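Before any comments, here is the structure.
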Amino acid sequence: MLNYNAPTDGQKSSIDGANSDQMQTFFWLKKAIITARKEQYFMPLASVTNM
Amino acid sequence: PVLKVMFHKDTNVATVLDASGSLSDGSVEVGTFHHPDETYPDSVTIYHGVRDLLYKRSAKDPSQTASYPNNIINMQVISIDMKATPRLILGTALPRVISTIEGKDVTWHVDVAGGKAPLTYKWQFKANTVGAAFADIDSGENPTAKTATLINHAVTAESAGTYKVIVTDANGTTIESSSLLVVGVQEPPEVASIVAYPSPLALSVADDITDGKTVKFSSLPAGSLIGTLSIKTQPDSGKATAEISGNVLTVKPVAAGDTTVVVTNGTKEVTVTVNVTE
Amino acid sequence: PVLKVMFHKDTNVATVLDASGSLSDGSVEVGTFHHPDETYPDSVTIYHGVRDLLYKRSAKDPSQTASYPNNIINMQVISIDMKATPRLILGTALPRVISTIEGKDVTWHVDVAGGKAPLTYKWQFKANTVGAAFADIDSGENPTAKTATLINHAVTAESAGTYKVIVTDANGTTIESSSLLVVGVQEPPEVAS
Amino acid sequence: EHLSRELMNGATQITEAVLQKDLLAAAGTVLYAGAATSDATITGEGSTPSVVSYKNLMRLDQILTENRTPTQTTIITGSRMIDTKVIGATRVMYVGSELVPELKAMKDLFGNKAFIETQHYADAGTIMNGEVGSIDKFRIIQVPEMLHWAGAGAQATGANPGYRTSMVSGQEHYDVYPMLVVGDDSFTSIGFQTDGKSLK
Amino acid sequence: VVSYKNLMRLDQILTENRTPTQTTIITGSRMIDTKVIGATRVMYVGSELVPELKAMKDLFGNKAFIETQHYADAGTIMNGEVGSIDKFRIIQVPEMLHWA
Amino acid sequence: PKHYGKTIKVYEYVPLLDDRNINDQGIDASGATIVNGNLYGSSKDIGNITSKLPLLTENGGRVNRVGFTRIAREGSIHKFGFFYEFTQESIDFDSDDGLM
C-alpha cells in the first residue's frame, strides 16, 4: 500500500525513494495574463504644424 | 497530540478521549495513537487509527491480543464516540507574499477553527538581514499584536521582512503560518520650491515688541527632502530681528515697520513678508 | 571582498588591489567594486567591474568625471594588472546525501583553491531533531575535525544529521558547503544460540 | 514579444502624460473654488471649504462667453420617449474620476438635482466617449488618467471632513484637482521629421 | 447599512479597475409610466436584503429602487431579477449564504 | 491532465509603469544607478512626473535603463464524498414500494 501523500512540502510518496523523486508536481497552462493599453484623450485634440 | 481509546465489549462502543482523561463505564484501555499523524497529517483520520488499534486485540477479551481469525475486524457494528478536543484547523491563512509601497497601511488577518476555548495569538517578525531570527513584536506598543488582526501603520524600507503568527490552544497545541512583506522604494523627487505656512502673508502681527513670530516651511513636491535652512538676515534690522532654529523660524519685531525675510536652503529661496503694527 | 582600482594615465594601466593597500607610482583612485557581485556571483568578473568604473571618469583627468564622449571607453589599450588576492573557490564539494548502514566508516573530503595562506577548517553538525542548531564538533576528541578530511567510526542512529564545513581565509573570507547523512537501522536478529 | 509590447505601452503612456502636464501648466483662465486666492490657500476646513459649486460653473461659463470662445456642441431637443428630459449644454469639460461623486451630489439654484445622466438624453442625442452626464452648460467627460497636484493645498488639521490628503515634509496637506476645459484652436503640436503625425 | 454612496463608491472602484461592463443601458419606450434605466453591472443579493433595498432613498430623498414592470417593455429581463438601483441590476438568489 | 500533481500555475506580466514592478535595473538621466527601475509607478502627481521624466541629450548613451517583472498564481483541487446504507427487511416489508 503505497501512498501519494503530498510531494509538495516534502512528503515523498512511498514508491519514490532516495534516488527517485517526483519530476512533475503541477501543470502549466502556458497562457499568460496581460493588461491592455491605457486610453488616450488629450492626444486626439492636437493639431500638427510642420517644422 | 496523543489520544486514548477505550472499548466496551457489551455495547460495542469505542470511546476516544484525551490522555489525561479516564472513563469508569467499565471499558478497557486498548491503546493510544497520534491523531495528526507525523508522517501523513491529512491522509489518515481517527477511524483508521481506531481500526488499527482494534485489529490487535482479541474478540473474546479486549484486554488480550489474538491472531487474525480472532481479531476484531468488523467495523460496521462498532460505533466511535468522540470526547477529545477537536483538532486545531487553520481556516484561512495569510497571503504568501504582500507587496506595498512605503507609506501605506497593511493588515494581516488569520482565522482559526476548533481547539480548546480561550485561544491566544502571538505575532513575530524576522528582518531580511542575514542571520536574523524571529523577534516578538512588542504588544504594549502595538495593541493589535496580541489580537488575531495585526495592523501596522506607515510601513517603510525597514518594515520589510517575514511575519509569522502563532496560535496557542488551552492545552498548548500550536499551529503557525507565515507571511512575507515586500516594499518598493522610489528616489526623492528633488526640491522644486519651498513655501511658508502661517503665514504666507504678514506672518503674525502683534503690537508688543516682545512677541515673537513662529514660521514653518515645507517643500512642495510630496516626499521631497528639505535640507538645513539658512536665513539671510532681515534687512532693516532696526524694525525687526530674525533668528532660525532648525526648520522653525522666530522673528522678533523691534519697531513697527514692514520687513521682508528670505530663507534659503542653499539652492532655492522663499520670500517672507512681515507686517508689524504699533 | 571590496576591491580598489587605480589608473595610471600615461601608461594606460589599471591596477586592482585590496582596499587597505596603496600604490605610490602616481596613479589615482577611480572607485571601488565587489569582485564577487552579491546579486550575480558568477555572471560578472573583474573586467566588467573595471569597465563600469572607468566609464564614469574623464579621459583627460581621471580625477574628474565627464559625460559620454569624454570617457575612457576603449579597452584595447587599457591593461589590468591584478595585485589582489585570488577569490576563494570551492574546487570539490561534498556529496549532497550519503547513505550507509550503522557500524560503517564514513569519510567527507573537501578541496578549496585560492585565497591567502591558511585555510583553517572547522566542521559543524546539526541534530536531526526539531529545534536544533549547528554546533561545533569537539576538535579535542576528534583531531580530524580541524583538518579538511573528517572521519567517523561506527556511526549510529544518533550520528544521522547534516554536516557542514567552513573554510576561512587568512583575510577572513569564508566559503561553506553542507552534506546530509542518512543511516539505516534493522531489528535485532534475536538470540538463536 | 511581451518585452516589446510593454515597452511600447510605456512609451505611449509617457507621451500622453507629458502632453497633459504641458496643457495644465499653461492654463490661461484659472478659477479657485471657494474663498481661496492662491494655490496654497485651497483648503477643506472652515466656514467655506473650497469645493466646486454651481455658481462657480456659472462663472466659468460667463467668463468663457466673454472671451467669445466657440462652443463645441449644440443643445438637445426632446424625444418622444417617456421620462426623457432636454439638456442645454454646449461645452465639453474633462474631469478626473475623483470628483465625480462631488459633481453628482451637487445642488442647483432651487435645491434640486443639477446632474443629468446620459440615460435620459441618450435618445435624440449623441453620447461622446467617456461621457457620464451633463451639468448646467457643460458635458462632463471622465478621463481615467487625469493628473493632480498632491500636497499643494493648505495644511490639514484634525477637523478634516473627509477630503483626500497627502503627506508633505511630515505634515498632511490637501490635494488639488484640475477640472479642465479646452477651447477650439488654442494650441498646436510641433512635428519634426514626423511625416504629418503628432509623434513618431 | 448599505446606502447610495456605497453603491456609487463600488461602481467608481470597478470603473478604475477597468472591469468590463456586463449590460447596456435602456432608453425610453412609448408606453406611459415607463422610466429609463442605466445599470450596466449585475449584482447578486440574498432574500433578506430585498426589503432594505426597496426602502432605500437616494441623495435627495427620492425613491431609489426601480421595479421590473416599469422597464419590462423595451428591455430584456434576466432570470430572477427583482429591480435595479444606480449602476447595478439586482438579482435574487434563493440560496445566498451569510455569516452569522 | 493526469499524472501531473494537483496544481495549476500561470504567469502574469505586470506593465512597465506599475507599482508591482520592483527591480534593480534603474539608471537615471544623469547616468547613475537608482533604486527604482520603473520611471514612476502609479503616482499621478505632476511633481513626480516632472522630476522623473526620461530626458535625452545631444550626445547620449547609457542614460535610461528599464526592467520588467512577472508574477505567478496557483490553485488546487480537493475530494468529496458520502454514502448511505440499508437492509433487506426494510425494502421487502415496507408498505410503500419504490422507496430506493
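Labels used: A, B, ... for chains in the order of the C-alpha cells, numbers from 1 for residues in each chain, and numbers from 1 for ligands as shown.
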Surrounding residues of residue 50 of chain F excluding itself and chain neighbours under 4 positions, 12 Å, only C-alpha atoms, as a list in words: residues 189, 190, 191, 192 and 221 of chain B; 14, 17, 18, 19, 20, 21, 22, 25, 147 and 149 of chain D; 39, 40, 43, 44, 45, 46, 54 and 55 of chain F
Write a file of the just-selected residues containing N, CA and C atoms, as a compact mmCIF listing (two decimals), in the first residue's frame.
```txt
# COMPACT_ATOMS: atom_id res chain seq x y z
N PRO B 189 11.87 63.05 -5.03
CA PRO B 189 11.61 63.78 -6.28
C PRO B 189 12.52 64.97 -6.51
N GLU B 190 13.27 65.41 -5.49
CA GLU B 190 14.13 66.59 -5.50
C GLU B 190 13.31 67.85 -5.25
N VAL B 191 13.94 68.88 -4.68
CA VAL B 191 13.24 70.08 -4.23
C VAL B 191 12.97 70.96 -5.44
N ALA B 192 11.70 71.33 -5.63
CA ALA B 192 11.35 72.28 -6.68
C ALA B 192 11.16 73.68 -6.12
N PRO B 221 7.00 69.43 -3.67
CA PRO B 221 6.92 68.06 -4.20
C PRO B 221 6.80 67.06 -3.07
N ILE D 14 3.73 57.60 -21.47
CA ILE D 14 4.59 58.72 -21.13
C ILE D 14 4.27 59.92 -22.00
N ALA D 17 1.07 61.59 -20.89
CA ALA D 17 1.25 62.29 -19.62
C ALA D 17 1.97 63.62 -19.82
N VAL D 18 3.00 63.63 -20.67
CA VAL D 18 3.72 64.87 -20.94
C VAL D 18 2.79 65.91 -21.55
N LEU D 19 1.96 65.48 -22.52
CA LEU D 19 1.03 66.43 -23.13
C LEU D 19 0.08 67.01 -22.09
N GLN D 20 -0.43 66.15 -21.21
CA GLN D 20 -1.38 66.63 -20.21
C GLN D 20 -0.74 67.63 -19.26
N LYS D 21 0.49 67.36 -18.81
CA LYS D 21 1.11 68.31 -17.88
C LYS D 21 1.42 69.63 -18.57
N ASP D 22 1.81 69.59 -19.85
CA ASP D 22 2.02 70.84 -20.58
C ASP D 22 0.73 71.64 -20.68
N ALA D 25 -0.15 73.17 -17.12
CA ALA D 25 0.71 74.22 -16.58
C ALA D 25 0.48 75.57 -17.24
N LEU D 147 -4.20 63.89 -14.08
CA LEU D 147 -3.18 64.15 -13.08
C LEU D 147 -3.69 65.17 -12.06
N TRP D 149 -2.13 67.79 -8.44
CA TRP D 149 -1.08 68.22 -7.53
C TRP D 149 -1.38 67.68 -6.14
N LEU F 39 10.17 54.18 -14.19
CA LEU F 39 10.41 55.61 -14.10
C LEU F 39 9.55 56.24 -13.02
N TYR F 40 8.25 56.00 -13.06
CA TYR F 40 7.37 56.34 -11.95
C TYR F 40 6.27 55.30 -11.91
N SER F 43 1.95 56.65 -9.46
CA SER F 43 1.80 58.02 -8.99
C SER F 43 1.27 58.90 -10.10
N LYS F 44 0.25 59.69 -9.77
CA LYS F 44 -0.36 60.61 -10.72
C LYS F 44 0.00 62.06 -10.42
N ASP F 45 1.00 62.29 -9.58
CA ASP F 45 1.36 63.63 -9.17
C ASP F 45 2.18 64.29 -10.27
N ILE F 46 1.93 65.58 -10.49
CA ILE F 46 2.66 66.30 -11.53
C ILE F 46 4.12 66.49 -11.12
N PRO F 54 12.05 60.75 -18.63
CA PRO F 54 13.26 60.38 -19.37
C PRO F 54 13.66 61.45 -20.37
N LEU F 55 14.71 62.20 -20.07
CA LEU F 55 15.20 63.26 -20.95
C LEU F 55 16.49 62.82 -21.61
```
All alpha helix (DSSP H) positions in chain E, as an MDAnalysis selection string: chainID E and resid 4:16 50:54
Taking N, CA and C atoms for each residue, export the selection above as an mmCIF file, in the first residue's frame.
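Saved as again27.cif:
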```cif
data_model
loop_
_atom_site.group_PDB
_atom_site.id
_atom_site.type_symbol
_atom_site.label_atom_id
_atom_site.label_comp_id
_atom_site.auth_asym_id
_atom_site.auth_seq_id
_atom_site.Cartn_x
_atom_site.Cartn_y
_atom_site.Cartn_z
ATOM 1 N N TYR E 4 -26.735 54.759 -0.726
ATOM 2 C CA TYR E 4 -26.469 55.129 -2.111
ATOM 3 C C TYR E 4 -24.983 55.368 -2.338
ATOM 4 N N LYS E 5 -24.317 56.002 -1.371
ATOM 5 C CA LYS E 5 -22.909 56.338 -1.535
ATOM 6 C C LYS E 5 -22.041 55.090 -1.618
ATOM 7 N N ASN E 6 -22.416 54.020 -0.914
ATOM 8 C CA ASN E 6 -21.647 52.783 -1.012
ATOM 9 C C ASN E 6 -21.714 52.201 -2.417
ATOM 10 N N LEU E 7 -22.900 52.206 -3.026
ATOM 11 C CA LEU E 7 -23.027 51.706 -4.391
ATOM 12 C C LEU E 7 -22.269 52.590 -5.375
ATOM 13 N N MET E 8 -22.335 53.913 -5.190
ATOM 14 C CA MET E 8 -21.556 54.804 -6.048
ATOM 15 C C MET E 8 -20.063 54.531 -5.912
ATOM 16 N N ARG E 9 -19.591 54.317 -4.683
ATOM 17 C CA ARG E 9 -18.179 54.026 -4.465
ATOM 18 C C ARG E 9 -17.775 52.708 -5.110
ATOM 19 N N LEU E 10 -18.621 51.683 -4.998
ATOM 20 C CA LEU E 10 -18.288 50.399 -5.605
ATOM 21 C C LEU E 10 -18.210 50.509 -7.120
ATOM 22 N N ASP E 11 -19.148 51.235 -7.731
ATOM 23 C CA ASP E 11 -19.073 51.428 -9.176
ATOM 24 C C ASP E 11 -17.840 52.229 -9.566
ATOM 25 N N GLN E 12 -17.480 53.234 -8.767
ATOM 26 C CA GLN E 12 -16.277 54.009 -9.048
ATOM 27 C C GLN E 12 -15.031 53.133 -9.002
ATOM 28 N N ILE E 13 -14.937 52.263 -7.995
ATOM 29 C CA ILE E 13 -13.783 51.375 -7.888
ATOM 30 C C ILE E 13 -13.734 50.412 -9.066
ATOM 31 N N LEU E 14 -14.879 49.839 -9.441
ATOM 32 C CA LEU E 14 -14.883 48.896 -10.553
ATOM 33 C C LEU E 14 -14.598 49.590 -11.879
ATOM 34 N N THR E 15 -14.897 50.886 -11.978
ATOM 35 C CA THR E 15 -14.509 51.631 -13.171
ATOM 36 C C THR E 15 -13.006 51.872 -13.203
ATOM 37 N N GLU E 16 -12.416 52.223 -12.056
ATOM 38 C CA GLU E 16 -10.968 52.426 -12.009
ATOM 39 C C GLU E 16 -10.213 51.127 -12.272
ATOM 40 N N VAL E 50 -33.684 42.298 0.422
ATOM 41 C CA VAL E 50 -34.555 42.943 -0.565
ATOM 42 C C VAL E 50 -35.430 44.033 0.038
ATOM 43 N N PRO E 51 -36.095 43.845 1.188
ATOM 44 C CA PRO E 51 -36.852 44.975 1.760
ATOM 45 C C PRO E 51 -35.991 46.188 2.062
ATOM 46 N N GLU E 52 -34.758 45.972 2.522
ATOM 47 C CA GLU E 52 -33.866 47.094 2.785
ATOM 48 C C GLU E 52 -33.548 47.853 1.505
ATOM 49 N N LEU E 53 -33.304 47.129 0.411
ATOM 50 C CA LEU E 53 -33.061 47.789 -0.866
ATOM 51 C C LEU E 53 -34.299 48.534 -1.341
ATOM 52 N N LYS E 54 -35.478 47.934 -1.165
ATOM 53 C CA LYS E 54 -36.708 48.567 -1.631
ATOM 54 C C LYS E 54 -37.012 49.836 -0.848
#
```
Secondary structure check, strand (DSSP E or B) residues of segment 68-164 of chain C, as a ChimeraX atom specification: /C:71,79-82,89-92,97-101,106-108,111-113,120-127,135-136,150-152,161-164
At most 10 Å to chain A: residues in chain C, only C-alpha atoms, as a VMD selection string: chain C and resid 97 99 182
Spatial neighbours of residue 57 of chain B, 12 Å, only C-alpha atoms, chain gap at least 4 places, as a ChimeraX atom specification: /B:6-7,9,28-31,50-53,61-73
Output file for the selection above: N, CA, C and O atoms, as an mmCIF file, in the first residue's frame:
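This went into out_25.cif:
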```
data_model
loop_
_atom_site.group_PDB
_atom_site.id
_atom_site.type_symbol
_atom_site.label_atom_id
_atom_site.label_comp_id
_atom_site.auth_asym_id
_atom_site.auth_seq_id
_atom_site.Cartn_x
_atom_site.Cartn_y
_atom_site.Cartn_z
ATOM 1 N N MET B 6 -10.856 3.583 24.474
ATOM 2 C CA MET B 6 -11.446 2.625 25.401
ATOM 3 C C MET B 6 -12.618 1.939 24.718
ATOM 4 O O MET B 6 -13.423 2.597 24.052
ATOM 5 N N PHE B 7 -12.716 0.622 24.885
ATOM 6 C CA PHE B 7 -13.712 -0.187 24.193
ATOM 7 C C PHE B 7 -14.599 -0.901 25.205
ATOM 8 O O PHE B 7 -14.098 -1.487 26.170
ATOM 9 N N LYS B 9 -17.153 -3.939 25.621
ATOM 10 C CA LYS B 9 -17.492 -5.167 24.908
ATOM 11 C C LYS B 9 -19.000 -5.347 24.780
ATOM 12 O O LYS B 9 -19.495 -5.770 23.730
ATOM 13 N N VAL B 28 -12.230 -1.012 28.686
ATOM 14 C CA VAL B 28 -10.823 -1.327 28.882
ATOM 15 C C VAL B 28 -9.998 -0.510 27.895
ATOM 16 O O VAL B 28 -10.452 -0.159 26.804
ATOM 17 N N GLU B 29 -8.768 -0.211 28.295
ATOM 18 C CA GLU B 29 -7.880 0.648 27.517
ATOM 19 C C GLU B 29 -7.237 -0.190 26.417
ATOM 20 O O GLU B 29 -6.523 -1.156 26.699
ATOM 21 N N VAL B 30 -7.499 0.177 25.161
ATOM 22 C CA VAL B 30 -6.981 -0.596 24.038
ATOM 23 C C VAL B 30 -5.593 -0.113 23.637
ATOM 24 O O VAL B 30 -4.672 -0.917 23.454
ATOM 25 N N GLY B 31 -5.416 1.191 23.488
ATOM 26 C CA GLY B 31 -4.137 1.721 23.069
ATOM 27 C C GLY B 31 -4.202 3.226 22.899
ATOM 28 O O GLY B 31 -5.178 3.873 23.276
ATOM 29 N N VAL B 50 -8.304 4.042 14.998
ATOM 30 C CA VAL B 50 -9.086 3.201 15.899
ATOM 31 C C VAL B 50 -9.162 1.775 15.369
ATOM 32 O O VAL B 50 -9.027 0.808 16.128
ATOM 33 N N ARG B 51 -9.372 1.619 14.061
ATOM 34 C CA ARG B 51 -9.415 0.281 13.482
ATOM 35 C C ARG B 51 -8.075 -0.429 13.623
ATOM 36 O O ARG B 51 -8.027 -1.629 13.924
ATOM 37 N N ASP B 52 -6.973 0.293 13.415
ATOM 38 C CA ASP B 52 -5.657 -0.321 13.546
ATOM 39 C C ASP B 52 -5.380 -0.738 14.985
ATOM 40 O O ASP B 52 -4.739 -1.767 15.227
ATOM 41 N N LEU B 53 -5.837 0.055 15.957
ATOM 42 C CA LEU B 53 -5.685 -0.344 17.355
ATOM 43 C C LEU B 53 -6.546 -1.556 17.686
ATOM 44 O O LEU B 53 -6.116 -2.444 18.433
ATOM 45 N N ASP B 61 -11.734 -11.408 24.714
ATOM 46 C CA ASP B 61 -11.405 -10.402 25.719
ATOM 47 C C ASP B 61 -10.681 -9.250 25.034
ATOM 48 O O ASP B 61 -9.614 -9.468 24.424
ATOM 49 N N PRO B 62 -11.213 -8.030 25.088
ATOM 50 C CA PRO B 62 -10.481 -6.888 24.521
ATOM 51 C C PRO B 62 -9.140 -6.633 25.186
ATOM 52 O O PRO B 62 -8.252 -6.057 24.547
ATOM 53 N N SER B 63 -8.962 -7.034 26.447
ATOM 54 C CA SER B 63 -7.683 -6.823 27.117
ATOM 55 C C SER B 63 -6.569 -7.627 26.456
ATOM 56 O O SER B 63 -5.448 -7.132 26.296
ATOM 57 N N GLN B 64 -6.856 -8.866 26.071
ATOM 58 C CA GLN B 64 -5.848 -9.731 25.484
ATOM 59 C C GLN B 64 -5.689 -9.444 23.992
ATOM 60 O O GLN B 64 -6.429 -8.658 23.396
ATOM 61 N N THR B 65 -4.699 -10.095 23.390
ATOM 62 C CA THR B 65 -4.429 -9.982 21.964
ATOM 63 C C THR B 65 -4.542 -11.352 21.309
ATOM 64 O O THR B 65 -4.327 -12.379 21.958
ATOM 65 N N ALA B 66 -4.885 -11.366 20.023
ATOM 66 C CA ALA B 66 -5.032 -12.613 19.289
ATOM 67 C C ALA B 66 -4.671 -12.406 17.826
ATOM 68 O O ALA B 66 -4.435 -11.284 17.371
ATOM 69 N N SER B 67 -4.631 -13.516 17.090
ATOM 70 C CA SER B 67 -4.268 -13.519 15.683
ATOM 71 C C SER B 67 -5.463 -13.122 14.819
ATOM 72 O O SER B 67 -6.506 -12.693 15.314
ATOM 73 N N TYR B 68 -5.304 -13.276 13.503
ATOM 74 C CA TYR B 68 -6.297 -12.760 12.561
ATOM 75 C C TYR B 68 -7.690 -13.353 12.731
ATOM 76 O O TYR B 68 -8.660 -12.575 12.780
ATOM 77 N N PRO B 69 -7.883 -14.678 12.803
ATOM 78 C CA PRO B 69 -9.263 -15.188 12.891
ATOM 79 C C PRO B 69 -10.007 -14.718 14.129
ATOM 80 O O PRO B 69 -11.240 -14.619 14.102
ATOM 81 N N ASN B 70 -9.294 -14.421 15.213
ATOM 82 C CA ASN B 70 -9.906 -13.965 16.454
ATOM 83 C C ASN B 70 -9.797 -12.458 16.647
ATOM 84 O O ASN B 70 -10.041 -11.967 17.753
ATOM 85 N N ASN B 71 -9.437 -11.717 15.605
ATOM 86 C CA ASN B 71 -9.329 -10.273 15.711
ATOM 87 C C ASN B 71 -10.714 -9.629 15.748
ATOM 88 O O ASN B 71 -11.740 -10.270 15.507
ATOM 89 N N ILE B 72 -10.729 -8.339 16.063
ATOM 90 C CA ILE B 72 -11.924 -7.516 15.924
ATOM 91 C C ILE B 72 -11.809 -6.777 14.596
ATOM 92 O O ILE B 72 -11.130 -5.753 14.503
ATOM 93 N N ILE B 73 -12.480 -7.295 13.568
ATOM 94 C CA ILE B 73 -12.301 -6.830 12.199
ATOM 95 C C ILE B 73 -13.562 -6.224 11.608
ATOM 96 O O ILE B 73 -13.503 -5.657 10.513
#
```
Exercise: residue 92 of chain E partners within 8 Å, only C-alpha atoms, chain neighbours under 4 positions left out, as a count of residues only: 7
Interface residues on chain C facing chain F, 9 Å, only C-alpha atoms, written as JSON, numbers by chain: {"C": [56, 67, 68, 69]}
Let's have the selection written as a CSV table (one decimal), in the first residue's frame, with C-alpha atoms.
```
chain,number,residue,atom,x,y,z
C,56,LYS,CA,32.5,57.3,-15.2
C,67,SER,CA,29.8,62.7,-19.9
C,68,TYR,CA,29.8,60.1,-22.6
C,69,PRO,CA,32.1,61.2,-25.4
```
For a quick test of understanding: name the residues of chain F lying within 6 Å of chain B when counting only C-alpha atoms, and present them as a PDB file with N, CA, C and O atoms, in the first residue's frame.
```pdb
ATOM      1  N   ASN F  36      14.843  52.419  -8.218  1.00  0.00           N
ATOM      2  CA  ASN F  36      13.610  52.006  -8.885  1.00  0.00           C
ATOM      3  C   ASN F  36      13.841  51.878 -10.385  1.00  0.00           C
ATOM      4  O   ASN F  36      14.264  52.836 -11.037  1.00  0.00           O
ATOM      5  N   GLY F  47       4.375  66.691  -9.829  1.00  0.00           N
ATOM      6  CA  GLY F  47       5.750  66.843  -9.379  1.00  0.00           C
ATOM      7  C   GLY F  47       6.605  65.627  -9.675  1.00  0.00           C
ATOM      8  O   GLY F  47       7.717  65.751 -10.197  1.00  0.00           O
ATOM      9  N   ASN F  48       6.095  64.434  -9.365  1.00  0.00           N
ATOM     10  CA  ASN F  48       6.846  63.213  -9.637  1.00  0.00           C
ATOM     11  C   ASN F  48       7.087  63.030 -11.127  1.00  0.00           C
ATOM     12  O   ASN F  48       8.193  62.674 -11.546  1.00  0.00           O
ATOM     13  N   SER F  51       9.722  65.419 -12.298  1.00  0.00           N
ATOM     14  CA  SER F  51      11.046  65.080 -11.792  1.00  0.00           C
ATOM     15  C   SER F  51      11.640  63.879 -12.516  1.00  0.00           C
ATOM     16  O   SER F  51      12.836  63.867 -12.827  1.00  0.00           O
TER      17      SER F  51
END
```
Chain E contacts to chain A at 12 Å (only C-alpha atoms) as number ranges by chain: E: 16-19
Contact residues around residue 7 of chain F with only C-alpha atoms at 6 Å, ignoring same-chain residues under 2 positions, as a ChimeraX atom specification: /A:26 /F:75-76
Contacts of residue 195 of chain D within 12 Å, only C-alpha atoms, excl. fewer than 3 positions in-chain, as a ChimeraX atom specification: /A:48-51 /D:190-192,198-200
Could those selected residues go to a file with N, CA and C atoms, as a tab-separated table (two decimals), in the first residue's frame?
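Output saved as selection.tsv:
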```
chain	number	residue	atom	x	y	z
A	48	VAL	N	-1.35	69.32	-35.84
A	48	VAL	CA	0.08	69.28	-36.10
A	48	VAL	C	0.47	70.48	-36.95
A	49	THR	N	1.66	71.02	-36.70
A	49	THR	CA	2.28	72.05	-37.53
A	49	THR	C	3.68	71.59	-37.89
A	50	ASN	N	3.98	71.54	-39.18
A	50	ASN	CA	5.26	71.00	-39.62
A	50	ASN	C	6.41	71.93	-39.25
A	51	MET	N	7.53	71.33	-38.85
A	51	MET	CA	8.76	72.05	-38.55
A	51	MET	C	9.84	71.65	-39.54
D	190	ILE	N	4.05	70.58	-32.55
D	190	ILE	CA	5.16	70.75	-33.47
D	190	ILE	C	5.63	69.36	-33.89
D	191	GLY	N	5.68	69.12	-35.19
D	191	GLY	CA	6.12	67.83	-35.68
D	191	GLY	C	7.43	67.91	-36.44
D	192	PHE	N	8.47	67.28	-35.92
D	192	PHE	CA	9.80	67.31	-36.53
D	192	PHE	C	10.07	65.96	-37.17
D	198	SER	N	1.53	63.53	-35.13
D	198	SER	CA	1.96	64.29	-33.97
D	198	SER	C	3.22	63.70	-33.34
D	199	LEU	N	3.38	62.38	-33.41
D	199	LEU	CA	4.51	61.71	-32.77
D	199	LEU	C	4.96	60.51	-33.58
D	200	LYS	N	6.27	60.38	-33.76
D	200	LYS	CA	6.89	59.27	-34.48
D	200	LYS	C	7.96	58.64	-33.60
```
